[PDB]
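Just below is one structure, and these are the notes that go with it.
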Amino acid sequence: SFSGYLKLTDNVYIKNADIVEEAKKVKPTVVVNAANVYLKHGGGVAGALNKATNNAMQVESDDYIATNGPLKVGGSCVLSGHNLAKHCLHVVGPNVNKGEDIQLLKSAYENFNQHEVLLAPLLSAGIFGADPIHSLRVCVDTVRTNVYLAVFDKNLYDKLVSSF
Ligand SMILES: Cn1c(C(=O)O)c(NC(=O)c2ccc(NC(=O)NC3CC3)cc2)c2cccnc21
């Protein structure tokens with residue numbers, strides 16, 4: 001059901017798309033959220049995915065944190081995908097704007113290997129402060145399963161594809 005994606009490697013594909021609209025169209029088995037350790041979905045991809053679930057993702061996340069405590073930077077948890085997907089894999093990449101170690105980005109992408117196919121954003125990009133070209137390079141060199149990347153900004157998408 002994924003269509004209009006450029007092929008980067010044997011297993012990594014990319015599209016200039018709104019990940020919420022892409023999830024509603026495809027209804028994948030797994031959509032990846034670019035989460036923080038507290039699962040507080042305020043801005044960026046996290047806020048957009050939560051808003052499309054009418055806040056059901058945040059209510060479910062708050063119960064998960066109340067039971068288990070916060071995630072590790074580089075870690076993940078599988079929760080419901082609500083109206084967007086069967087499941088949502090909440091992955092925490094390092095937030096470079098908070099002094100988190102960039103080496104944890106490879107650990108964050110290793111979580112994708114537990115799932116055969118994923119619709120995902122670039123981790124640690126945007127408001128997390130890491131270089132998006134570096135995030136795409138770590139993705140290609142780490143993920144072995146089929147990943148379909150959705151990049152919202154047209155100019156960033158063109159730069160990622162021309163510099164790859
Ligand atoms: C790299 N990046 C990305 C990205 O998705 O590539 C961000 N992504 C976003 O802000 C983002 C915002 C909105 C949506 N869609 C909807 O809300 N769609 C429903 C109305 C119909 C998806 C995503 C980002 C926000 C800060 C900084 N960098 C960002």
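Counting starts at 1 for both ligands and their atoms, following the listed order. In what follows, every heavy atom counts, from backbone to side chain, and hydrogens, waters and symmetry copies are set aside. Heads up: numbering here begins at 1 and tracks the sequence.
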Discussion item. Check this for me, if you would: do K24 and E21 make a salt bridge, where the nitrogen-to-carboxylate-oxygen distance has to be below 4.0 angstrom?
Written reply: yes
Worksheet, complete the sentence: protein heavy-atom neighbour closest to atom 15 (N) of ligand 1 works out as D18 OD1, 2.9 Å
Discussion item. For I127, is there any backbone N or O sitting under 3.5 Å from a side-chain donor or acceptor partner on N97?
Written reply: yes
Fill in: Nearest atoms (heavy-atom pairs only) where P132 meets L156
CG-CD1, 3.5 Å
Practice prompt. Starting from atom 14 (C) of ligand 1, find the nearest protein heavy-atom neighbour and note its residue, name and distance.
Written response: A48 CB, 3.4 Å
Fill in: Side-chain donor or acceptor of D101 paired with backbone N/O of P94 under 3.5 Å
no
Worksheet, complete the sentence: Filtering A125, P121, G44, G126 for the heavy atom nearest atom 28 (N) of ligand 1 leaves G126
Worksheet item: Hey, is atom 2 (N) of ligand 1 under 4.0 Å from any protein heavy atom?
Response: no
Worksheet item: Heavy atom under 4.0 Å from ligand 1: found in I127's side chain, backbone, both, or neither?
Response: both
Worksheet entry | Heavy atom of protein closer than 4.0 angstrom to atom 20 (C) of ligand 1 | no
Response to the item:
When distances are taken from atom 7 (C) of ligand 1, the protein heavy atom at minimum range is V45 CG2, 4.2 Å
Practice prompt. Could you tell me whether a side-chain N or O of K7 sits under 3.5 Å from a main-chain N or O of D10, the two making a donor and an acceptor?
Written response: yes
Practice prompt. If the plane angle is over 60° it's perpendicular, under 30° parallel, otherwise tilted; pick one for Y148 and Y13.
Written response: parallel
Worksheet item: Picking from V143, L119, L122, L118, what satisfies side-chain contact (heavy atoms from CB on, under 4.5 Å) with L149?
Response: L122
Worksheet item: Among protein heavy atoms, which lies nearest atom 4 (C) of ligand 1, and at what distance?
Response: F152 CB, 3.6 Å
Fill in: Min heavy-atom dist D153 to ligand 1 below 4.0 Å
no
Worksheet item: Heavy atom under 4.0 Å from ligand 1: found in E21's side chain, backbone, both, or neither?
Response: side chain
